[PDB]
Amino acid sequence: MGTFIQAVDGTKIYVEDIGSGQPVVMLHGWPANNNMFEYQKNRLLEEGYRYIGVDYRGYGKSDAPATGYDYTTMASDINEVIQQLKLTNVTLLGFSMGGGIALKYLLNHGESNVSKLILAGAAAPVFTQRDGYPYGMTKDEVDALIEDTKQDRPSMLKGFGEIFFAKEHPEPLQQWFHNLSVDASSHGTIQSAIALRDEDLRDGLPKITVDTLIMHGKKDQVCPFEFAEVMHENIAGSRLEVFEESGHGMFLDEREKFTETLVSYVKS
């Protein structure tokens, strides 16, 4: 369900458009797809909001070009989605890499369509270590991760899964999650990892004016909690909500608090 939207360069981008009312645009993490928000999606539809789930180029049911995995190109894709569908008063949720893409979209295309921003487990302002930012993976760790993905992607994914959740979810649940990532294009997966390693949004954060909720797991081993402290420090007017029991995947480790918090924010 849901149409495909053409990107500026013609790539077909799959968008799931379901429910009634004010729009909630959810942007997935690396290297999954929009189905990761299934539980939130259900909860939106019964509270009377409209879920808009995009699969990035290279992921899920979208096309997978050889190019365009940098945040600029991805943010232009989001811009096209918002344009075709004529969305205003958007609650824009970016999860992990999606948080980076959401920030890039605001920076490059403006803030007037978005009434509020939610940054969840966001890979922002940087996924990797920088001067004055001694948190997260180093570029060299991301390169080792790229090496692994060129040797055995499924085993890389298994490993990533192991550090993604603080809690031990049932096997069928972990398997469903694993398979979102396995159906990603291998080359999209790789080029996005290159973008995660290199992208730096530190100069842009103090430029952000949208009302902002930051959701982040204290135990996050993928994007450390220190990222969330930096986002809150740098975005004026922002609120930090700490998920004390969660790792990166707060949408399962604390599914009810995550979705009640999302719902309460989209109302308020």
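In this text, residue numbers run from 1 along the sequence as written.
Mean CA temperature factor is higher for 70-78 when stretches 70-78 and 121-129 are set side by side in the entry. On average the C-alpha atoms of 42-50 have higher B-factors than those of the other stretch, with 212-220 and 42-50 being the two compared.
Note on the listed residues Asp203, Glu233, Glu199, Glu226: the highest Cα temperature factor in the record is that of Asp203.
Residue set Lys104, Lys158, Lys139, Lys167: peak C-alpha B-factor at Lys167 (per PDB entry).
Per the deposited record, the Cα B-factor of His28 falls in the lowest third when ranked against the other modelled residues of its chain.
In the PDB entry, a CA B factor belonging to the lowest third of its chain's modelled residues is recorded for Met36. Ranked by Cα temperature factor within the chain, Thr189 sits in the lowest third according to the deposited record. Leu85 sits in the highest third of its chain by CA B factor, as recorded in the PDB entry. Per the PDB record, residue ranking by Cα B-factor puts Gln174 in the lowest third of the chain.
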